[PDB]
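Some notes on the structure that comes next.
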Amino acid sequence: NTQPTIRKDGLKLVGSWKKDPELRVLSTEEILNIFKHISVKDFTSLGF
Amino acid sequence: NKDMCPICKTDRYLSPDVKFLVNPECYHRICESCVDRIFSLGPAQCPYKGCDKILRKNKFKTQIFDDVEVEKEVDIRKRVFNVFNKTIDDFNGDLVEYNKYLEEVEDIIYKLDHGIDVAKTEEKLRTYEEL
Amino acid sequence: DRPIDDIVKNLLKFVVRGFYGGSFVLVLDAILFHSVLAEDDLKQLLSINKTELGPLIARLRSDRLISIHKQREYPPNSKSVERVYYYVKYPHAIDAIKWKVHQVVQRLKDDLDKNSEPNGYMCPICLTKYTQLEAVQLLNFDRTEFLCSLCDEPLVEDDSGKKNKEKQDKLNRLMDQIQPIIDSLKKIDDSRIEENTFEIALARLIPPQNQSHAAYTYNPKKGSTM
Amino acid sequence: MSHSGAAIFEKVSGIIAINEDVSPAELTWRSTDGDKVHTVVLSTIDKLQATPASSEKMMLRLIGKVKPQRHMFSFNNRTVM
Amino acid sequence: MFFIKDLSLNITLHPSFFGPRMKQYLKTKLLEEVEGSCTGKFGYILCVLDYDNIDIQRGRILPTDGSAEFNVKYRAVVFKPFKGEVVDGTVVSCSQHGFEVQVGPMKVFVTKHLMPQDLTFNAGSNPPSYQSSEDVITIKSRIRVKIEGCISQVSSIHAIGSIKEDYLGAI
Amino acid sequence: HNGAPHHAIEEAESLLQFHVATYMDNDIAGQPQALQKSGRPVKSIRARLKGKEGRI
Amino acid sequence: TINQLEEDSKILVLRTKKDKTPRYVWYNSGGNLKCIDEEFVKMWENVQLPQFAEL
Amino acid sequence: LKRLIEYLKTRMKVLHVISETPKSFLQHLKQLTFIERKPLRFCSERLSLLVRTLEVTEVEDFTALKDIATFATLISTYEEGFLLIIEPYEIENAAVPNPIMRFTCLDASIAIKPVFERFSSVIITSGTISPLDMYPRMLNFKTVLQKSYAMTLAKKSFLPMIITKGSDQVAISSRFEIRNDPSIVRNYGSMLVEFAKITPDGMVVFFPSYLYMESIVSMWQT
Ligand SMILES: [Zn+2]
Ligand SMILES: [Zn+2]
Ligand SMILES: [Zn+2]
């Protein structure tokens, strides 16, 4: 899938998907779900 | 029932994990979880409305034969034949008395199975196993 | 049409009469009757208010019963509004019902497991619970009563354990009321479920009225990478 | 199911059914609120018009025989057409 | 129940006991607060074995109070209970809440919900005990009890007993 | 719980997020500050940590 | 008559929160309206459901 | 007999092939139930005598009793040259498992042995039996003479052929895995059409299996 560019606008993150831009606010619960789906080795490489 | 427990009433669709645990005493299907719940703290009665025999947790076994009366006959003839160990050589090749002894042990199995002359046959069983 | 569609409709109807109130029954019966519905059409059919459908739509979205579609079309007067469409995903709905009933029976079996534990003790002044293990260390020099640490008052026996038969009766009285759901899920598992969507649920639509403001034609877009 | 489908008839929602058993067969249109009913005689049919699947505009037209009678049929699902 | 263990104890030796002969002082001050001492880590420690040679390290002078801190490694017999264990004992006290059975240095409580229903309390009898249709359980009476739960604090251990299991109670 | 339009939900969760942030850090770049009844800014935990009269 | 049809679970009825008065009637196509007890209903309300990919 | 039925029913619940001798089966029997070979050796006789003495009007419901008595007597009296095959998929095309048992006779010489023992002069004859010494190997008997005759012709009355390839010289085979080959089926159809164009009176055509005709005539009719 297409990973959007993420920028912060205050206290929330917005992601602009590329146009074959689709910009929308990224909900915190979505990011929490994604971070839960991150495997151990993945964030271990990230330093976590 | 045929698929599902009588107390916890868990079908094989929703909880496929528990096993066919049956009483050797009152002969009632029940799940493994009901045994681990009720009878872990101590012995109790049969949990249904109508049977209340005192049974132990460690006496529970799996059901080999899906029929109940057949399994009852199975367990009583294990319980009887263990002390009834007489062969042809024990009769020194006497076929008629060996056949009569086989008829006698079959008859006492039948009497314990139907439970009609249970007292006298039980007395004879204890007197035989004491010798 | 499809007998499996009738089975899942009967399953959804049974669970909505069972674990839901009358307005949820009306909403789900409207969805199962008119396969694809919008907000204005639902307001026309049910005479429901926005502050009244709010709890309804929130509950059936939280319980994962109605799939919502975010589609905006262009009316000829160019007053385009974000209209919402309500349809049902049969495999997602039956999996949600399966998980809810499994966690219900697991919770109530755990309740029956934990109610076999003895009564324990509880101090009426401080209103703090105590199990059987720490009652021994609260025993006094008289070797009779269990004195509270903070209140210095003898503990009373909590009324838990005598309701174990009540929990068993609750368990049986729940399970004889769920057996048609068990049979419907057995019949579903013995068959195959076709996963539908908005474009597929539009095949069996029933028009609510003659003039619906929300069109039922999907407008594709180019460059969307959701 | 192949003979049944929800349709639009002069900007009015309705359904289309095939009255095939009677000779001649008929395409009956019924308004969903009971406003009006229309049927199509199969003797006066010359050409039958359809829209391609690539087109977003979704229209069906019927050409009759003797000033031909032209009727509009807008549908919701593509397998229906 | 009874184990033997190799334990290491940390002892605050006061500077007043910095005489010529600290070894027997250190062994002694090991020997009051270990004999009969209850620790939830290892149970009731009863007696210290190998008194002739005990491993005494070079002691830590704490940088604030000047006391010597020794890590003495010793071998001793301990009484660490567990749950699921059946033991024998004698009842030392009884009440309507239940009765206390003495198993070694330990007073295991048997709660009133944990006898079979035949036993009942009779406070009119002196001493007040638990009486059933087949047996009576009074003070200083032989009884076999199974422990279903033990709670161990940093310095105290309490246990839960019952006689509901078969082949329990008085022998 | 009671049902709401979605923008009410994002408004409420944005207010909650802002309150969490100013509880945790009142001095945020590009953000308004929570103020006391006297109008002084709310001394967040970061303010109590950093600075001369901070904890360290 | 609508009240006895409601208590027999034959029709679907809409009533005010202020008082029990019918205005709009639908047909009870499914099963019985009162088939699950209130305690089971509320502990069905307490329990949650997993997300999309778990199921 | 009821506990025979329940023992064998228990024996069907298995997920793989069971291939055990009758001795192994009777040992498993005698360790799971208490049932010996000798009472099983009178099973059919006892059941027939009981049915006669009961004088039952109808015997429709007692045919599986014949089945189980036959199984008991057969697997009790016989221990060598026999085998029991218990297998979970009686057809591999079935979605639901249907377990099967097969009690088979490994030694084909057993049923012909008392015929040779009782009678003296024995004539074995087939129009097409080959090889002649193959059958004294499969059946434990000794011949006095075996000879094969070459039938003589003024003109060759029969013309045998071997076709190894189709009209396009593509090799034809009737292996069950390649029964759906369009080239092989098309070659078969071509030769049978040409033969039907050239055969005057009548044909008999033989294939290996019934599902083979079903698939292959479905394909040519298509
Ligand atoms: Zn159960
Ligand atoms: Zn029973
Ligand atoms: Zn208190």
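Every residue, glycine among them, receives a Cβ derived from its backbone with ideal geometry; neighbour counts consider all protein chains shown. No lab work stands behind these numbers, since they all come straight from the coordinates.
Is it the case that C:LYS186 is within 7 Å of another protein chain (Cβ to nearest Cβ) and either closer than 30 Å to E:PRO128 by Cα or in a helix (DSSP H, G or I) (or both)?
yes
Report yes if some residue within region E:54-65 is charged (D, E, K, R) and farther than 15 Å from E:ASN10 by Cβ; otherwise report no.
no
Given E:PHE109, E:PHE121, which one is part of a strand (DSSP E or B), more than 24 Å from the chain's Cα centre (by Cα) and either of a type in the set (A, V, I, L, M) or surrounded by 12 or more Cβ atoms within 10 Å (Cβ to Cβ) (or both)?
E:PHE121
Pick from B:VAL83, B:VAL70: which is touching a helix residue (DSSP H, G or I) at 6+ places or on another chain (Cβ under 8 Å), away from ligand 3 (no atom under 16 Å from the Cβ), closer than 23 Å to H:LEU29 by Cα and not in a loop (DSSP other than H, G, I, E, B)?
One residue alone meets the criteria, B:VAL70.
Quick one: in region B:13-59, which of the residues that are of a type in the set (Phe, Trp, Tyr) and assigned to a loop (DSSP other than H, G, I, E, B) is farthest from ligand 3 (Cβ to nearest atom)?
Residue satisfying both the conditions and the ranking: B:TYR27.
Check E:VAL101 against each of (1) hydrophobic (A, V, I, L, M, F, W, C); (2) assigned to a strand (DSSP E or B); (3) over 21 Å from E:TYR44 (Cα atoms) and name the one condition it does not meet.
Unmet condition: (3).
Confirm whether B:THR10 is facing another protein chain (nearest Cβ under 9 Å) and either assigned to a loop (DSSP other than H, G, I, E, B) or more than 12 Å from ligand 1 (Cβ to nearest atom) (or both).
Spelling it out, B:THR10 is indeed facing another protein chain (nearest Cβ under 9 Å) and either assigned to a loop (DSSP other than H, G, I, E, B) or more than 12 Å from ligand 1 (Cβ to nearest atom) (or both).
When you check B:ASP52 against the structure, is it among the acidic types (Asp, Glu) and more than 10 Å from ligand 2 (Cβ to nearest atom), yes or no?
no
Does B:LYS100 satisfy the criteria of being away from chain E (no Cβ under 14 Å), more than 12 Å from ligand 1 (Cβ to nearest atom) and part of a helix (DSSP H, G or I)?
Here the answer is yes, as B:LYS100 does meet what is asked.
Which residue is farthest from ligand 1 (Cβ to nearest atom), if the candidates are limited to region B:16-53 and must be within 21 Å of C:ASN115 (Cα to Cα) and among the hydroxyl-bearing types (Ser, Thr, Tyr)?
Across region B:16-53, the extreme among qualifying residues is B:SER40.
Would a scan of region F:38-45 turn up a residue that is part of a helix (DSSP H, G or I), within 22 Å of A:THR28 (Cβ to Cβ) and of a type outside the set (A, V, I, L, M, F, W, C)?
No, region F:38-45 has no match at all.
Would a scan of region C:204-222 turn up a residue that is away from ligand 1 (no atom under 16 Å from the Cβ) and over 30 Å from D:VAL12 (Cβ atoms)?
Checking region C:204-222: at least one residue is away from ligand 1 (no atom under 16 Å from the Cβ) and over 30 Å from D:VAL12 (Cβ atoms).
Give A:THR28, A:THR2 a once-over and let me know the one that is closer than 27 Å to G:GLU54 by Cβ and within 14 Å of chain C (Cβ to nearest Cβ).
A:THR2
More than 16 Å from ligand 1 (Cβ to nearest atom) and basic (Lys, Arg): is that true of B:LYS111 in this structure?
yes
Against the definition (among the charged types (D, E, K, R), away from chain E (no Cβ under 14 Å), away from ligand 2 (no atom under 16 Å from the Cβ) and within 27 Å of H:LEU8 (Cα to Cα)), how does B:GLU69 come out, yes or no?
no
Hey, among H:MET101, H:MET134, H:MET138, which residue is touching a strand residue (DSSP E or B) at 6+ places or on another chain (Cβ under 9 Å), surrounded by 10 or more Cβ atoms within 10 Å (Cβ to Cβ) and not polar (S, T, N, Q)?
Answer to the selection: H:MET101.
Search region G:20-47 for residues that are over 19 Å from C:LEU60 (Cβ atoms) and pair each with any residue that is outside any helix (DSSP H, G or I) and charged (D, E, K, R) when their beta-carbon atoms are under 7 Å apart and the residues are at least 6 apart or on different chains.
As it stands, the answer is G:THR21/G:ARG15; G:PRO22/G:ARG15, since those pairs meet every condition given.
What strands (runs of 3 or more DSSP E), lying completely within chain D, carry at least 1 residues that are among the aromatic types (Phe, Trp, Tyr) and closer than 30 Å to C:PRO3 by Cβ?
Answer list for chain D: D:26-31.
Please pick out the residue among B:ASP11, B:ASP113 that is under 21 Å from the mean Cα position of the chain (by Cα) and among the acidic types (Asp, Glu).
Being under 21 Å from the mean Cα position of the chain (by Cα) and among the acidic types (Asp, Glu) holds for just one of B:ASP11, B:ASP113, which is B:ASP113.
Restricting to region B:9-44, count the residues that are within 12 Å of ligand 2 (Cβ to nearest atom) and of a type in the set (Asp, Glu).
Of the residues in region B:9-44, 1 are within 12 Å of ligand 2 (Cβ to nearest atom) and of a type in the set (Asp, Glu).
The rows are residues; the columns are (1) loosely packed, with under 14 Cβ neighbours inside 10 Å; (2) out of contact with any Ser or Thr (no Cβ under 8 Å at 6 or more places or on another chain).
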position: F:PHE18; (1), (2): no, yes
position: F:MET24; (1), (2): yes, no
position: F:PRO32; (1), (2): yes, yes
position: F:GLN36; (1), (2): yes, yes
position: F:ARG40; (1), (2): yes, yes
position: F:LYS43; (1), (2): yes, yes
position: F:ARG48; (1), (2): yes, yes
position: F:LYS52; (1), (2): yes, yes
position: F:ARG55; (1), (2): yes, yes
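Got a number for residues in region A:21-48 being part of a loop (DSSP other than H, G, I, E, B) and surrounded by 10 or more Cβ atoms within 10 Å (Cβ to Cβ)?
3
From the residues in region C:125-143 that are outside any loop (DSSP other than H, G, I, E, B) and buried (at least 17 other Cβ atoms within 10 Å of the Cβ), which one is farthest from ligand 1 (Cβ to nearest atom)?
For region C:125-143, the residue satisfying everything is C:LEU139.
Could you pull out every one of the helices (runs of 4 or more DSSP H) wholly within region C:29-115 that has 1 or more residues that are within 14 Å of chain F (Cβ to nearest Cβ)?
Those helices (runs of 4 or more DSSP H) span C:39-46, C:50-62.
Looking at region C:144-198, which of its residues are over 23 Å from the mean Cα position of the chain (by Cα), surrounded by 15 or more Cβ atoms within 10 Å (Cβ to Cβ) and of a type in the set (A, V, I, L, M, F, W, C)?
Listed by number, the residues that qualify are C:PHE146, C:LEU147, C:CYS148, C:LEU155.
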